[PDB]
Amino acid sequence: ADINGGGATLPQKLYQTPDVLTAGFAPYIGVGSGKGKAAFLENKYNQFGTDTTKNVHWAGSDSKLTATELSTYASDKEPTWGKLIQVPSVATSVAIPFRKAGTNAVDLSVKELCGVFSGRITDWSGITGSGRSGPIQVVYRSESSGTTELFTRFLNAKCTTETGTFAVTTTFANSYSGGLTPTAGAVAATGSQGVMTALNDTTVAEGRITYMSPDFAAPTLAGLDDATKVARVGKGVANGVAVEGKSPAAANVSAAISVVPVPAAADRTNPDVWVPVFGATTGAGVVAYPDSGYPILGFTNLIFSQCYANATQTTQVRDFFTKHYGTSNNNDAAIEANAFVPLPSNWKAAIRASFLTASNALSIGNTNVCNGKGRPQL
């Protein structure tokens, strides 16, 4: 009878916060966005756990559904389970925590960020104002990761003066066209938590740096503003004037999120348009990375079915949407406490009007559309 979800680790602390998920929801299982997407699309609970009786009902993902994933689901599953729904959950920065002692603020230019993650910059003396010297060692995610997708999307947009280029991917080791630079000594770990454990390991030499969920990158929200532990990003020159970088605190990306346009009313039957991505320049479904605030941002998302076979589960999924996208008695305080940005009111309204309002053909449990259809209870 329980509603089973899991996937992305970036937001797992949020979904594990009491009362964020409403009645009927089993505890969220963090395994990575790749495994979460597969769990939902193929109805494979074994991505989450060993129980052979359970079905998958939803997933968290910060990796967008691909064209192939969507078309396979539309052909294989949609005729009996109904349309899938993909919507943003919250917005997020991508933080750059590091382990290297020193009282100076670490403030990375985008060029320096690109050099660290390409393997060009291998010493802290290559970062201006660092007050630091000695090796830098990148830690990256071994598995298919939405955090990797959000981060490499930024590197692909902005890292334009390296020897190679970064492709957008969920597998970091496949991103840079030159491969992993042997002498740069980059190392892999698994999950948001696994990477933070590697970053914080006091038994190895100082100098590690990574990309990370802001909810994991520091023990407290205030820690995101400690530039001796979490890098500012954005140091540079704007219109001939020196500018400083910003911390990855949610307040530094909320203005940019506020102006992301809602999906064109006429395209809302396509799950792909519900999740905007950022890029170098404005385009269809693509918002220019912002030239103010903290530069590295994006969305983490929910994947649900429009239809559920079970009466109670249908009601309970609707009740979750009602709270998570609600104008009152909602999840926004928990979202902020977890270092994330609540969706703007116009976004929440668009999501409610499409996926809750009963008369809309896209709505969860729509009696006409879901008649005889829906994901299994088990």
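Counting begins at 1, following the sequence as shown.
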Mean B factor on CA atoms, stretches 122 to 130 and 233 to 241, record says higher is 233 to 241
The stretch carrying the higher mean Cα B factor in the deposited entry, 345 to 353 or 50 to 58, is 50 to 58
Out of 75, 145, 228, 92, residue topping the C-alpha B-factor column of the entry = 75
Top residue by Cα temperature factor, when 279, 97, 276, 214 are compared in the entry | 276
Would you mind ranking residue 28 by its C-alpha B-factor against the rest of the chain and naming the third, lowest, middle or highest?
-> middle
Of the three thirds of the chain ranked by Cα temperature factor, residue 149 occupies the lowest
Tertile call for residue 261 (CA temperature factor, within chain, third-based) is the highest
Of the three thirds of Cα B-factor ranks in this chain, residue 208 occupies the lowest
Chain-relative CA temperature factor third for residue 248 | lowest
